[PDB]
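Shown next as structure tokens: one chain only, the form deposited in one PDB entry.
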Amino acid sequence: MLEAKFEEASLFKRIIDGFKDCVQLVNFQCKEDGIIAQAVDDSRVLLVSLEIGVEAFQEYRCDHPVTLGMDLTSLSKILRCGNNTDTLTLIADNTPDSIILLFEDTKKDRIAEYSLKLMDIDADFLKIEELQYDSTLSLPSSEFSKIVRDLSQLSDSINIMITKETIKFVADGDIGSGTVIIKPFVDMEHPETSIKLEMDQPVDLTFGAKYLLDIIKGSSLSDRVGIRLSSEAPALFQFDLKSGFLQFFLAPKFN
């Protein structure tokens, strides 16, 4: 029997929020040590990998491994019934045909139980993470969110360019252009509003603006965003969770 209870029903919405705007159906592999889920969009340029440690829950028990794939369109709907902060509990049994989503408020006088029809879905799980990435930077997810949204106003191509201690986001549009140059530093009022950067090799990569706009959905999960870039390999955008994370592997343009 599976019983995964999020303390605050909100974060389960926010994580499937990063999924739904691109990927469609997705296998959630639940095992004793937590949940992992992976999905890839149609064009196979964006790959979303989730990991939820047991410490991210209020309570978690999984007697044995249970893979439960499901339509995020249908799931999200049940997550609309979820008014935020209602101890959402995922419940399933051995070889289940359905998953139960159970909400509960502070006052016991209200409790709602929902059920979601599951799917049989093959999935060739991927493991494309590199050992080392040419560059690695950390910045506020709100800042990165802004940069993407603003430069997205122009052409549908944003070009990240990293030289030593210099990160440069550029969009060159048909109507005009825009460039945001930020630099690594250290804050103290809130050290987690600062910018970090480790550069083994400089990078000059272009990404589809459409997808960068979808990657920043996860900015509601963490204060920071972890971007790892490689010239030959897809970029790793990561939003860290209390235990585990939400990753977005994006392939840069060929050009």
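For every residue, the number given is its place in the sequence shown, counted from 1.
Although not depicted, the form solved in complex with a partner chain is the subject of the following passage.
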query: In the deposited bound form, residue 208 touching the partner chain (heavy atom, 4.5 Å); finding: yes
query: 4.5 angstroms heavy atom contact with the partner chain in the deposited bound form for residue 233; finding: yes
query: Interface membership of residue 43, the partner chain in the deposited bound form, 4.5 Å heavy atom rule; finding: yes
query: In the deposited bound form, residue 47 touching the partner chain (heavy atom, 4.5 Å); finding: yes
query: 128, 252 and 255 each touching the partner chain in the deposited bound form (heavy atom, 4.5 Å); finding: yes
